[PDB]
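A short worksheet on the structure shown next.
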Amino acid sequence: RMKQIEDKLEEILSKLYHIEXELXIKXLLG
Amino acid sequence: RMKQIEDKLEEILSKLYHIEXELXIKXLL
Amino acid sequence: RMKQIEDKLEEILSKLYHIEXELXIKXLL
Amino acid sequence: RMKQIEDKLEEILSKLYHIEXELXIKXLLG
């Protein structure tokens with residue numbers, strides 16, 4: 001159902017933002 | 001087809017959770 | 001709604017490409 | 001259209017596999 005699909009798309013976007021949070025790792029190079 | 005989209009999005013979310021598993025790399029700091 | 005799903009999937013793919021940008025980190029090795 | 005959505009889902013899954021390629025980075029810890 002479209003609501004469930006939307007909700008999962010949002011959860012994926014939110015995880016990608018937290019991953020891009022974890023990647024400031026890049027401390028090692030600057 | 002709609003359930004196939006939802007299942008692929010669950011697989012994508014689960015792989016992102018495993019990546020976000022791997023990234024605690026950030027131990028180093 | 002269907003185009004909104006396709007647009008969000010493009011944003012997801014673009015953010016993954018930026019992550020896969022960040023991960024060349026792998027310079028270290 | 002459903003084909004275009006499917007194709008993008010596959011491209012995302014393929015990028016996630018390459019990222020999880022780049023993360024064997026985890027050389028630093030083992």
Side-chain angles (χ1 to χ4, degrees), chain A residues 2-25 27-30, chain B residues 1-7 9-29, chain C residues 1-7 9-29, chain D residues 2-25 27-30:
Chain A
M2 294 303 279
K3 179 189 190 302
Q4 293 308 135
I5 288 166
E6 171 139 19
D7 287 347
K8 295 187 162 83
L9 287 167
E10 176 53 29
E11 287 183 290
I12 290 166
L13 284 165
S14 301
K15 282 216 173 298
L16 283 167
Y17 182 70
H18 180 225
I19 288 162
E20 294 215 26
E22 302 175 291
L23 282 169
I25 298 154
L28 294 177
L29 303 173
Chain B
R1 312 288 269 274
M2 297 304 293
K3 185 51 168 51
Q4 169 169 37
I5 294 168
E6 183 180 5
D7 285 348
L9 288 172
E10 170 59 28
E11 183 178 358
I12 291 162
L13 188 54
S14 299
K15 288 181 185 295
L16 287 165
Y17 181 62
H18 184 249
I19 292 157
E20 271 188 321
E22 297 177 288
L23 290 168
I25 294 164
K26 73 179 184 70
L28 286 179
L29 300 160
Chain C
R1 312 288 269 274
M2 297 304 293
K3 185 51 168 51
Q4 169 169 37
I5 294 168
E6 183 180 5
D7 285 348
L9 288 172
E10 170 59 28
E11 183 178 358
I12 291 162
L13 188 54
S14 299
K15 288 181 185 295
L16 287 165
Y17 181 62
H18 184 249
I19 292 157
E20 271 188 321
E22 297 177 288
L23 290 168
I25 294 164
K26 73 179 184 70
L28 286 179
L29 300 160
Chain D
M2 294 303 279
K3 179 189 190 302
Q4 293 308 135
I5 288 166
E6 171 139 19
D7 287 347
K8 295 187 162 83
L9 287 167
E10 176 53 29
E11 287 183 290
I12 290 166
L13 284 165
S14 301
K15 282 216 173 298
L16 283 167
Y17 182 70
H18 180 225
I19 288 162
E20 294 215 26
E22 302 175 291
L23 282 169
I25 298 154
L28 294 177
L29 303 173

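Only this structure's heavy atoms are used, side chains among them; waters, hydrogens and symmetry mates stay out. Chain naming here is simple, since letters A, B, ... match the order of the sequence lines and numbering starts at 1 in each.
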Hey, what do you get for [atom1] ([X]) to [atom2] ([Y]), rounding to the nearest 0.5 Å?
| X | Y | atom1 | atom2 | answer |
| --- | --- | --- | --- | --- |
| A:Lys15 | B:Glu20 | NZ | CD | 3.5 Å |
| A:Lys8 | A:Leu13 | NZ | CG | 14.5 Å |
| A:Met2 | B:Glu6 | CE | CD | 11.5 Å |
| C:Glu11 | C:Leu16 | CD | CG | 11.0 Å |
| B:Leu23 | B:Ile19 | CG | CD1 | 7.5 Å |
| C:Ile12 | C:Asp7 | CD1 | CG | 11.0 Å |

CA sep, side-chain torsions, deciding dist, call: D:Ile5, D:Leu9, side chain to side chain contact (heavy atoms under 4.5 Å, CB included): CA-CA 6 Å; D:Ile5 288 166; D:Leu9 287 167; 4.0 Å; yes
